[PDB]
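Each reported figure results from applying straightforward, stated rules to the coordinates on display, with no laboratory input. Because the Cβ atoms are built from the backbone with ideal geometry, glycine has one as well, and the counts that use them run over all protein chains shown.
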Number of protein chains: 4
Amino acid sequence: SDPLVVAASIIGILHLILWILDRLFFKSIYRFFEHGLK
Amino acid sequence: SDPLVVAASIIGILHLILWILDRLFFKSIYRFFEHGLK
Amino acid sequence: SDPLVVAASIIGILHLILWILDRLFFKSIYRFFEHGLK
Amino acid sequence: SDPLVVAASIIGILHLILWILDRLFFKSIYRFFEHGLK
Ligand SMILES: C[C@@H](N)[C@]12C[C@H]3C[C@H](C[C@H](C3)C1)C2
Ligand SMILES: C[C@@H](N)[C@]12C[C@H]3C[C@H](C[C@H](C3)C1)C2
Ligand SMILES: C[C@@H](N)[C@]12C[C@H]3C[C@H](C[C@H](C3)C1)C2
Ligand SMILES: C[C@@H](N)[C@]12C[C@H]3C[C@H](C[C@H](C3)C1)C2
């Protein structure tokens with residue numbers, strides 16, 4: 001038992017899925033250029 | 001049951017909350033432009 | 001008997017080799033500047 | 001001694017000091033601009 005490990009293995013899966021979820025890499029770069037300037 | 005795991009699960013909670021902390025900087029691109037140039 | 005940890009230590013080895021692998025490939029900025037301003 | 005965890009907690013300590021250490025390298029942005037140009 002001791003779910004402490006269970007939460008540990010899941011915390012690792014989270015950061016992983018999250019990393020990719022953030023690096024998804026989207027197209028359309030002009031949009032970002034417009035967000036910075038006008 | 002030893003603390004070794006306690007520090008492990010916590011080390012994950014940190015790296016995670018941290019990375020997300022840097023991602024909340026979404027947008028705000030003009031600041032990066034003025035930072036590079038003069 | 002308790003592979004839960006085995007999968008945990010491996011989940012970290014992945015996220016790790018990943019972040020690094022992504023840091024070895026991220027140059028090519030002129031291609032983004034063009035594909036964007038079009 | 002079930003070192004499996006020892007390697008796990010250490011694998012996390014690395015990924016952490018790494019992400020940060022990498023965040024202390026990117027100092028100015030004019031370097032990325034000169035990289036793309038040409
Ligand atoms: C998460 C991201 N850095 C990626 C995901 C896939 C694996 C690696 C190369 C490419 C495709 C990008 C790393
Ligand atoms: C960590 C960050 N990229 C976000 C934050 C919020 C949760 C996840 C999707 C989206 C919104 C982006 C992850
Ligand atoms: C993973 C990457 N950012 C590196 C890897 C090595 C350690 C840090 C400096 C340099 C060499 C680049 C971070
Ligand atoms: C490494 C990065 N997450 C930061 C950079 C600055 C120092 C620390 C807190 C905050 C601002 C985030 C660490």
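If the label for D:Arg31 sits 7 angstrom from Cα along the Cα-to-Cβ line, what are its distances to the same label in every other copy, in nm to one decimal, shortest first?
2.0, 2.2, 3.0
Taking the Cα centre of the protein assembly as shown as origin, sum charge times position over the Cβ atoms of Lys and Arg (+1) and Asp and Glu (-1), and report the length of that vector in debye to the nearest 20.
Values: 16 positive and 12 negative charges, 255 e Å.
Here the protein assembly as shown has a charge dipole of around 1220 debye.
When the Cα centres of chain A and chain C are compared, how far apart do they sit, in Å?
Their Cα centres are 11 Å away from one another.
Please sort by residue number the trypsin sites (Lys or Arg not before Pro) in the range A:1-34 whose DSSP state is loop and whose Cβ has at most 16 other Cβ atoms within 10 Å.
Numbers: sites: A:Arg23, A:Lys27, A:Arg31; in loops: A:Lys27.
Answer by residue number: A:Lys27.
Can you list the distances in nanometres, one decimal and ascending, from the D:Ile13 label point to the identical position in each other copy, with the point 7 Å along Cα to Cβ?
Listed shortest first, these distances are 1.9, 2.0, 2.7 nm.
Using a Förster distance of 41 angstrom, determine the FRET efficiency expected from the C-beta separation of B:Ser28 and D:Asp2, and round it to 0.05.
Numbers: r = 46 Å, r/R0 = 1.12.
After rounding to 0.05, the efficiency reads 0.35.
Let me know the mean shielding of B:14-25 by other chains, meaning the per-residue number of their Cβ atoms within 10 Å of its Cβ.
On the way: counts 2, 14, 6, 1, 5, 9, 3, 0, 4, 2, 0, 0.
Other-chain Cβ atoms within 10 Å of each residue's Cβ, averaged: 4.
Which chymotrypsin sites (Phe, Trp or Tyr not before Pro) in the range D:1-35 sit in a loop by DSSP (not H, G, I, E or B) and have at most 13 other Cβ atoms within 10 Å of their own Cβ?
Numbers: sites: D:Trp19, D:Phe25, D:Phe26, D:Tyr30, D:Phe32, D:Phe33; in loops: D:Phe26.
Qualifying residues, ordered by number: D:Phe26.
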